[PDB]
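>>> Compute the structure for the input listed below.
(one chain, ligands or ions: 2)
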Amino acid sequence: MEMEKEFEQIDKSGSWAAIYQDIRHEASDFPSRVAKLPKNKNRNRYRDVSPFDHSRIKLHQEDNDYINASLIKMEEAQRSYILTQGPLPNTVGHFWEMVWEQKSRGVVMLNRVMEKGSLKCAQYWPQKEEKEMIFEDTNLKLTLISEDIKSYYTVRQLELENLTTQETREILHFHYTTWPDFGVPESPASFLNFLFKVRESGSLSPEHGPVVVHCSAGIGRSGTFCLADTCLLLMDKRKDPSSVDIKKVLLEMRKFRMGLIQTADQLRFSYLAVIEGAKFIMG
Ligand SMILES: Oc1ccccc1CN1CCOCC1
Ligand SMILES: Oc1ccccc1CN1CCOCC1
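Residues are numbered from 1 along each chain as shown. Ligands and ions are numbered 1, 2, ... in the order given. Provided below are the atomic coordinates:
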């Protein structure tokens, strides 16, 4: 069923809460035993947001391989994403170890460091060229190379050095800075423009490891970003773009990480974003 007429229909009947609860009831439940081990309590931001065992990213070390991060592998679309929490003071070294080990070219950040007067993630990248960061626990160095500040997003070029081998790589930091403290954006236009900038960078392409995507918990805004990207690619792959079922794609992604899309308003915004992104690509 075409999504745009459908959208107006779901609006007219005011049933977003009921649709969202149907998704919550049908979502996968898989074990997260590693996340819940007592030795990992200070590696989780939120007690109710954990990676499944089957899809968790493992750190390459014998001591403790745990990070709150999941591999979302979309078979038909041929896209993969790592979705992770905003890094904590004691996991900033693990975060950059993961980017290094997974061969990622891009990090996508959808939150501010402070929102609602509280800290939503650590200041995990350097703010000045001449003040680099060293992560002694994982033996990495990170340098700010350049910063481009725009009205709706900032893009940074970073240099990550593995101090063990003296190898270096160029990481692109895509920072969406305008998501409102409460609710969702009124228009999806700036979010869709941002998605198009990440795509045009090569960060989502199969010659690199998966993009790393985060917000504060790594399920709400982060879920909206991957859901919109996969749905729009499927529309360009299929003979019938109207066959793409956003609720079925979201339930496929929920096989790999719990809780993706945290509210009925985020569900509406995703449908909104896919509907408006379809129109712009059309011709
Ligand atoms: O290298 C890219 C290619 C396509 C898109 C984006 C980038 C990253 N740029 C951000 C700041 O300007 C120089 C690098
Ligand atoms: O790439 C195209 C060119 C002309 C017409 C249609 C498409 C497919 N779009 C459908 C809407 O969703 C994104 C792809």
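
>>> Contact residues of the stretch 51-200 of the chain facing ligand 1?
146, 148, 155, 157, 172, 200 (C-beta under 6 Å from any ligand atom). Bear in mind the C-beta positions are built from the backbone N, C-alpha and C, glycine included.

>>> Narrow the residues you listed to those in helices?
Within those, membership in helices is found for residue 200, as judged by DSSP state H.

>>> out of the residues of the stretch 51-200 of the chain next to ligand 1, which are buried?
Buried residues within these, counting neighbours by 16 or more other C-beta atoms under 10 Å: 155, 172.

>>> Take the residues of the stretch 51-200 of the chain next to ligand 1 and keep only those in strands.
146, 148, 155, 157, 172 (DSSP state E).

>>> In TSV: those, plus distance to ligand 2.
Listed next are these as TSV, based on distance: C-beta to the nearest ligand atom, whole Å:
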residue	distance to ligand 2
146	32
148	27
155	24
157	30
172	24
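
>>> where does residue 12 land in three-state SS?
Of the three states, residue 12 takes helix according to DSSP: H, G, I helix; E, B strand; the rest coil.

>>> residues touching it, list them.
For residue 12, no residue counts as a contact, taking C-beta atoms under 8 Å, 6 or more residues apart in numbering as the criterion.

>>> Quick check: buried residues in stretch 140-157?
140-144, 147, 153, 155-156.

>>> Is the one residue in the stretch 151-283 of the chain that gets nearest to ligand 2 inside a helix or a strand, and which specific one?
For the stretch 151-283 of the chain and ligand 2, the shortest gap (C-beta to the nearest ligand atom) falls at residue 235, measuring 2.7 Å. Applying DSSP states H and E as the criterion places residue 235 in helix 221-237.

>>> Regarding the residue in the chain that ligand 1 sits nearest to, what are the backbone dihedral angles?
In the chain, the residue that lies nearest ligand 1 is residue 201 (3.6 Å; C-beta to the nearest ligand atom). Main-chain dihedrals, residue 201, degrees, to the nearest 10: phi -80, psi -20.

>>> Could you do the one 3 residues further on as well?
According to degrees, to the nearest 10, the main-chain angles of residue 204 amount to phi -100, psi 0.

>>> quick one: contacts for it?
Going by C-beta under 8 Å, 6+ apart, the list of residues near residue 204 reads 79, 106, 198, 211, 229.

>>> can you list the residues of the stretch 51-200 of the chain near ligand 2?
Residues of the stretch 51-200 of the chain found near ligand 2 (C-beta under 6 Å from any ligand atom): none.

>>> what's the distance between residue 256 and residue 193?
Residue 256 sits 27 Å away from residue 193, going by C-beta to C-beta, to the nearest Å.
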